[PDB]
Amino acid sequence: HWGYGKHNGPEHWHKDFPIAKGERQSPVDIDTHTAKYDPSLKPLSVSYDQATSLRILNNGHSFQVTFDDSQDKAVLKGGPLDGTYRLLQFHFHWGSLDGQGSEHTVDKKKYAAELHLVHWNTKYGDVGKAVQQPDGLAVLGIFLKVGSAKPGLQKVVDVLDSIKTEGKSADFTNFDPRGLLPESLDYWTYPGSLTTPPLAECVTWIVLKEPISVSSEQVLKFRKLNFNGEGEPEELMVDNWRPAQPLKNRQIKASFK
């Protein structure tokens, strides 16, 4: 039932998911001048060399690339995290125009898109259990700005025509998520939530300071996706982003000076 439209979008979500008005909702505006540098934060450990991608799916709200998370093959550790978090999937949020599309904002600036790499804490054994825990998930967020192409994104771009409408999926093996990462792993971190229903308050957010650049042609391909199933009226999958939510007694910490 939920979506991103006038009648089912973010301002409606609290009726089905009352935690939408909770104390640790995401995304937020990152006020860079208010974030405190924390010299106790470790460098983030991103160990993606043995990642095994499986499939790409249009889920009606975004598209997602799924990984084999049955072993410790692609894991996030360190930074603000205690323990080991397995990569489950990545997906994106994007706009109808290049000046909107990100969920997090940086001093109110919106990027054209935002990549989310979703990981779950192995101490909970499975993602469904993990979303019921306050430290269940770690989502690595990466901003996309429009300029030069990101060569590592092209394999994703090129298969989107095969998953246009909701419910379509394809095999998507040997995709290397290292090709989506910026140079620097400098980050902001704070405790928050899933940014889509069920909006569970289970996420340690790790948002990288450095955006990746993608080309206009790459982002245009995202915007050709459809929210609708084949057979329903065509509605472009654009503006699939939740706006910034109240910070409410949280501190955002910076890994860098």
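In case it trips you up, residue 1 is the first one in the sequence shown, and so on.
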According to the deposited model, is the average Cα temperature factor higher in 14 to 22 or in 229 to 237? 229 to 237
Selected stretch [higher average CA B-factor]: 60 to 68 or 191 to 199: 60 to 68
Scanning 74, 106, 118, 180 for peak Cα temperature factor in the entry gives 74
Quick one: which of 204, 215, 53, 47 shows the highest Cα temperature factor in the PDB entry? 47
With respect to C-alpha B-factor, does residue 155 fall in the lowest, middle or highest third of the chain as deposited? middle
Third assignment of residue 84 from its chain's C-alpha B-factors: highest
In terms of its chain's C-alpha B-factors, the third that includes residue 208 is the lowest
Residue 28 - which third its CA temperature factor falls in, relative to the rest of the chain: lowest
Would you mind ranking residue 136 by its C-alpha B-factor against the rest of the chain and naming the third, lowest, middle or highest? lowest
